[PDB]
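S.K.: Let me begin by handing over the structure; questions about it come next.
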Amino acid sequence: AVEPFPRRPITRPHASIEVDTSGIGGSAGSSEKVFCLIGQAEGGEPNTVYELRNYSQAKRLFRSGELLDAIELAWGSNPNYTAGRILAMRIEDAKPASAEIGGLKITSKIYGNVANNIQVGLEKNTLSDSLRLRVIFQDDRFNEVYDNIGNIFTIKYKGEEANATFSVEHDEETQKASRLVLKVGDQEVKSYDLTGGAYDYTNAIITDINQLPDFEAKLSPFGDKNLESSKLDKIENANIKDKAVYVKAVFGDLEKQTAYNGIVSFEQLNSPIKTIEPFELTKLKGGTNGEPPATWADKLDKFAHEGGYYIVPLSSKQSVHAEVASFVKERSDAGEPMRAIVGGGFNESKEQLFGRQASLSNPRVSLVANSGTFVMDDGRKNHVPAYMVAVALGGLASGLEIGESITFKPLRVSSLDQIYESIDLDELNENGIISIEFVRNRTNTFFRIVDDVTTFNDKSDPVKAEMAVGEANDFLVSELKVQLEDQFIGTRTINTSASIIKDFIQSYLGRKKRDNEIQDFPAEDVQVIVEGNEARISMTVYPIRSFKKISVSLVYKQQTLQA
Amino acid sequence: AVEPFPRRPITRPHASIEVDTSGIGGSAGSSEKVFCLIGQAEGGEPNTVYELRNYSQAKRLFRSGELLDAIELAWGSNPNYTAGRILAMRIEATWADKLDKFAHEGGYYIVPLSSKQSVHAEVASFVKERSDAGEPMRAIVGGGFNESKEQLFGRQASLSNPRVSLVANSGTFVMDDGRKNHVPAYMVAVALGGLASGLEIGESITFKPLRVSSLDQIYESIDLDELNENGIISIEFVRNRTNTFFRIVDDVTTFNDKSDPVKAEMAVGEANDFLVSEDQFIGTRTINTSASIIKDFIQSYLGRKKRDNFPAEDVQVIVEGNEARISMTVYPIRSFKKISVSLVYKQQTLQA
Amino acid sequence: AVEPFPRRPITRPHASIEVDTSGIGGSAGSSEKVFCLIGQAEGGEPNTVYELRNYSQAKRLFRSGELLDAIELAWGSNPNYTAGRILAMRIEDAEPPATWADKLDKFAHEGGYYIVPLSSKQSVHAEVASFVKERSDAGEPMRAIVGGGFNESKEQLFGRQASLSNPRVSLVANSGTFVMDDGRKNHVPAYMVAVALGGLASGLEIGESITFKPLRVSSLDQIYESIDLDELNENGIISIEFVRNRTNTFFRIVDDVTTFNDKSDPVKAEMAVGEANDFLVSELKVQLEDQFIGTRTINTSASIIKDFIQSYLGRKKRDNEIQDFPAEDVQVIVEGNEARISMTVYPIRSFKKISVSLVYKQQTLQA
Amino acid sequence: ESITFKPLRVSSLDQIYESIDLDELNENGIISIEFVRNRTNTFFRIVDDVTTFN
């Protein structure tokens with residue numbers, strides 16, 4: 001916008017400035033082909049989608065389940081490309097482990113049966129007049145102790161009068177601290193309202209009370225403790241004259257110090273409220289996975305408006321493949337383009353692959369034929385069903401640039417269960433099924449992805465037959481819609497508007513040409529007509545295409561040499 | 001209308017502004033061809049017409065029933081076309097009293113989810129009662145799971161009506177849950193009604209594909225001709241290619257007549273239902289006239305106009321009772337059903 | 001097609017994209033000839049059609065039988081040309097079959113053009129003749145190649161060519177000895193030579209003749225004299241000539257004359273131009289049908305159909321499947337239900353006569 | 001100058017209307033606020049400046 005300085009106008013004689021920032025704002029680059037996986041694993045909150053950037057982060061969320069192996073293959077397969085973000089979700093529902101003891105709810109922050117190995121125990125430190133809390137968990141070699149818990153600050157009375165007592169008033173409605181009262185003799189000397197105003201934090205009371213001559217106050221010796229004064233614990237007539245009485249909050253100190261604890265969260269039982277008391281160490285119970293869900297449809301819905309383009313479900317079940325096919329379809333039609341890549345079981349006959357391809361013909365799904373073995377970063381050599389190979393292909397396709405085909409690219413696989421003859425790869429390709437070719441004619445022998453054909457049979461339209469072209473189309477039309485929306489909708493039809501839109505379109509297509517996301521655009525074909533409430537825009541685009549045939553015609557000719 | 005500003009009139013000295021807005025009014029275009037369904041469902045409140053806009057909303061209102069499978073087919077046969085609005089009603093016997101509720105819901109094609117011929121006759125009567133009013137409609141219907149040609153002919157003859165079409169074939173659709181759902185032919189009629197609703201105004205379903213997995217019966221060319229000539233729609237299994245697919249043979253209507261396209265062929269009937277139709281000089285300017293000089297005058301006029309911008313053989317004039325009716329012929333857009341190629345082999349002398 | 005983005009419409013203020021793919025969508029190339037064989041064999045299930053691509057695949061699906069030799073000759077006899085697909089079917093009753101008409105029908109909607117039956121019986125020849133006629137009339141053009149037994153006189157050959165005078169059958173006179181990749185030399189009936197000729201004809205480009213193409217055989221049992229070959233050529237029987245005057249001796253296929261008795265029309269007499277006609281009509285039919293039927297008769301359709309036909313015929317000219325065409329004879333008339341289309345084609349003919357006129361003349365050299 | 005597609009600044013909305021819901025209200029001439037979600041940045045648009053007139 002043009003910005004007025006000052007913002008508030010003036011009607012004296014004055015000067016004013018009007019600054020235009022529109023020349024320097026820039027715009028967003030090409031969208032990330034974020035890659036989506038949905039998988040079983042231990043650990044992590046169910047039905048929650050996690051953005052992931054490092055394998056370390058993944059292995060902290062997910063604990064060695066098949067989802068983590070899939071993430072491993074997804075990043076690790078082709079290291080010469082920049083790593084993308086991953087969106088991961090845990091299929092099964094899983095209860096956290098819990099216990100009830102000592103006036104408290106104890107709850108795990110992890111979910112699943114592992115959480116039943118958590119155990120916690122609470123004891124009196126009779127030296128510091130405090131609690132001491134033990135937390136121990138074996139699967140991570142985790143052990144932490146929190147001590148001097150409960151003491152927050154102290155008051156000493158140093159007047160010459162014999163009688164001086166500390167007291168905190170209940171609020172029976174809420175069980176909060178209503179007021180702080182200091183008594184000397186038969187009267188209050190000073191008192192504070194704790195659940196509102198200037199004294200709603202303990203540190204401010206400590207600051208004020210130290211001004212009074214007879215009283216002095218200090219924080220706990222250990223740590224650094226401050227609380228909303230509402231959480232002060234109920235204390236009556238405590239004889240601050242004889243010794244410096246420690247003021248306490250027990251649950252508040254537990255909450256505050258455990259705030260950064262990643263293993264256990266605590267809540268208090270109720271109204272009457274139970275006194276916090278030490279207890280012999282107890283295990284958590286009842287943490288378990290449920291049965292695997294019969295439908296994934298309502299969970300795949302969670303990826304909606306998570307801005308990621310390729311999905312692989314970690315299952316071989318045709319029902320799951322039809323589910324994800326439908327989800328891809330509905331998100332595409334709603335204007336959030338998607339694709340899915342799919343694979344069979346461990347080793348399934350060529351008839352079964354045609355069966356799947358016929359039962360699931362859709363230009364936004366791809367089926368991977370081969371199954372094989374990978375070598376893991378753990379050093380295992382493991383045997384994996386073909387959908388894990390589809391995970392590897394998805395990681396590659398999300399690593400390649402927009403419209404850069406996975407056709408005829410190396411696959412970092414150790415071996416394949418089926419190695420197909422030339423004619424079998426011909427037939428699988430003709431049926432629109434992706435296969436992996438073992439290249440034996442070279443001295444170095446390696447595995448190539450044969451082609452990026454989609455499961456939609458009709459080769460006639462490249463936007464349907466080929467993944468790369470459909471992807472380039474989807475991103476083209478999506479970035480057109482979103483940018484024309486945010487740039488022009490609601491703007492006034494100024495007499496120049498058609499020229500401005502033409503310049504904007506030519507700028508956009510210039511960028512797409514620069515980045516090798518289109519072959520070219522004939523800029524003379526960009527035409528804009530503005531008529532009343534709308535603009536109609538027309539443009540010609542030559543799409544970018546991978547080579548898939550080369551024909552060489554080689555003609556021998558004689559030559560006469562003389563000297 | 002022209003708006004006065006101020007709205008109040010004034011007589012003391014003043015200015016007033018009259019605003020002609022009429023140069024800007026719009027939205028005068030057609031309705032879309034909203035699609036209509038009636039049939040069995042769970043969950044929905046019976047005999048209430050619901051607008052539906054996506055399958056999620058359908059599964060939210062209706063559940064666990066053949067109406068939701070119908071809505072699925074209604075958006076699944078035409079994936080490369082706009083998924084428009086659908087109107088649907090759970091019906092919990094006479095059906096007219098229910099069909100009355102659609103009377104002022106602006107939808108053009110209806111399908112009853114039933115094979116019962118009484119239902120089809122009721123629906124044809126409803127379509128008649130609406131279309132003779134200001135709001136045209138059509139219906140599509142189908143048989144059961146397998147009916148003979150003579151049964152189909154008997155049904156078509158009993159249901160012979162220029163706004164009803166019968167579909168013969170039945171088959172299997174792959175649903176989005178992956179179920180191989182075997183369905184009676186009236187669900188194929190739902191699929192065709194969905195396609196016809198998706199197509200443009202006066203496009204035609206002939207030679208469009210049907211995304212169906214298999215058909216219960218495959219008709220050879222003579223049987224396809226028999227059904228077509230009887231005004232029954234049939235589906236061809238295209239076998240002449242490795243890329244086999246299923247093709248809608250024609251958009252014929254159960255009223256078959258060679259003498260009028262508009263009643264024989266559904267798409268031209270729809271065009272007539274949606275087409276749009278588009279200067280005076282008075283005899284006091286002349287002492288006497290006749291149809292001959294009226295014709296020659298209007299020919300000179302339209303000759304001047306077409307020079308600035310009509311064949312004398314194509315304008316008719318009748319004068320009666322101080323009134324002259326001038327009737328032009330006009331040519332609407334049809335769709336090809338026949339291509340005739342005459343191939344002549346010549347031969348040529350080359351020389352060098 | 002043209003498609004909206006999004007697919008579901010929006011009412012509130014928005015932008016929407018409409019995208020057209022016709023300019024990049026491909027088109028069907030020139031159709032492929034595929035060769036069909038029906039044979040006595042051991043091996044896979046009878047009365048089903050196998051597509052075969054490799055001799056190894058064939059030698060797994062079939063073994064040790066005349067069908068496998070026929071497949072071998074079909075690929076081996078045309079070394080210069082790309083080895084096409086073969087459609088092969090073992091036949092046995094579920095013992096010798098009385099009739100093959102019950103089984104030939106299983107080829108009907110396969111993508112196959114040339115048939116050879118591996119038998120000498122005239123009844124089988126009539127059956128395949130009827131089948132090829134049936135499928136052609138149905139709109140799936142085919143041809144049959146036919147041959148006799150081990151050794152036959154001209155009388156018997158003329159009798160057979162009487163029994164079948166037909167524009168879609170060709171009779172092969174000669175029988176001979178081949179040499180096989182198994183290191184074997186075997187005398188074979190003339191229909192195995194017909195298998196070789198069908199392999200070559202299906203390998204050759206569309207509209208290219210087998211006349212004067214070489215044939216590869218160890219020997220022929222009947223070496224016909226020049227008058228004998230002229231006699232058989234007049235009777236529309238294909239004969240193999242032993243070239244002897246050249247230093248190199250080899251076997252020519254003399255001519256591609258069909259068994260049809262009237263030579264006045266070459267489209268009926270000669271296999272090559274009949275095949276070119278069949279493919280031209282088939283491709284015109286199927287492409288115009290899927291292109292235009294059901295489309296709106298918009299005012300410009302008279303342009304668009306002419307442009308389509310001119311493009312198609314330009315493509316046919318490019319592949320040398322027609323000689324030429326006049327562009328201005330491509331004419332289209334539109335009436336409310338019907339497109340009426342006119343075209344002229346100059347078809348492509350093989351040279352079968354060359355006449356040289358040589359005029360000796362004097363020149364006066366002087367210096 | 002129209003308020004359509006101008007931003008609006010609010011901590012939250014109690015009713016988040018779906019796309020079909022917003023189309024319904026826009027057809028009825030009721031102004032509605034759209035929660036933009038597909039962008040990385042999430043913000044509230046004023047959908048349209050339609051008056052209540054039918």
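The chains in the structure tokens are called A, B, ... from first to last as shown; in each chain the residues are counted from 1, and the ligands are counted from 1 in the order shown.
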Counting only C-alpha atoms, which residues of chain B come no farther than 7 Å from chain A, as JSON, numbers by chain?

M.R.: {"B": [176, 177, 178]}

S.K.: Selection from above, C-alpha atoms, as a tab-separated table (two decimals), in the first residue's frame, can you write it?

M.R.:
```
chain	number	residue	atom	x	y	z
B	176	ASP	CA	-14.28	-45.78	-4.17
B	177	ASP	CA	-14.18	-48.19	-1.21
B	178	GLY	CA	-12.92	-50.83	-3.68
```

S.K.: For chain A, list the residues within 9 Å of chain D, counting only C-alpha atoms, and write the list as a compact mmCIF listing (two decimals) with N, CA and C atoms, in the first residue's frame.

M.R.:
```
# COMPACT_ATOMS: atom_id res chain seq x y z
N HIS A 305 -5.01 -29.97 4.04
CA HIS A 305 -4.40 -28.67 4.32
C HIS A 305 -3.01 -28.75 4.96
N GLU A 306 -2.46 -29.94 5.16
CA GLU A 306 -1.01 -30.09 5.29
C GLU A 306 -0.39 -30.12 3.90
N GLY A 307 0.44 -29.12 3.60
CA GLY A 307 0.80 -28.80 2.23
C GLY A 307 1.79 -29.76 1.61
N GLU A 336 -6.50 -28.93 -3.85
CA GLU A 336 -5.23 -29.25 -3.19
C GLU A 336 -4.68 -30.48 -3.90
N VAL A 482 -3.55 -19.45 -6.81
CA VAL A 482 -3.24 -18.81 -5.53
C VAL A 482 -2.66 -17.41 -5.72
N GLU A 485 -5.43 -14.96 -7.19
CA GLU A 485 -6.27 -14.68 -6.03
C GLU A 485 -5.67 -13.58 -5.17
N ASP A 486 -4.46 -13.79 -4.66
CA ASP A 486 -3.95 -12.84 -3.67
C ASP A 486 -3.51 -11.52 -4.29
N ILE A 489 -7.81 -10.17 -6.79
CA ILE A 489 -9.20 -10.21 -6.34
C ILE A 489 -9.46 -9.10 -5.33
N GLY A 490 -10.59 -8.41 -5.51
CA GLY A 490 -10.95 -7.25 -4.72
C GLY A 490 -10.28 -5.95 -5.09
N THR A 491 -9.32 -5.95 -6.00
CA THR A 491 -8.73 -4.70 -6.46
C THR A 491 -9.66 -4.00 -7.44
N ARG A 492 -9.52 -2.67 -7.52
CA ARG A 492 -10.36 -1.89 -8.41
C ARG A 492 -9.98 -2.13 -9.86
```

S.K.: Return the neighbours of chain C among the residues of chain B, cut-off 7 Å, counting only C-alpha atoms, as a VMD selection string.

M.R.: chain B and resid 80 to 84 203 to 204 206 to 207 239 to 240 333 to 348

S.K.: Hey, list the chain D side of the contact with chain C: 12 Å cut-off, only C-alpha atoms, answer as a list in words.

M.R.: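 Listed by rising number, the hits are residues 4, 5, 19, 20, 21, 22, 23, 24, 25, 26, 27, 28, 29, 30, 31, 32, 33, 34, 45, 46, 47, 48, 49 and 50 of chain D.
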
S.K.: Env of residue B:322: 12 Å cut, atoms = only C-alpha atoms, seq-sep filter 2 positions within chain, self excluded. Answer as JSON, numbers by chain.

M.R.: {"B": [282, 283, 284, 288, 289, 290, 291, 318, 319, 320, 324, 325]}
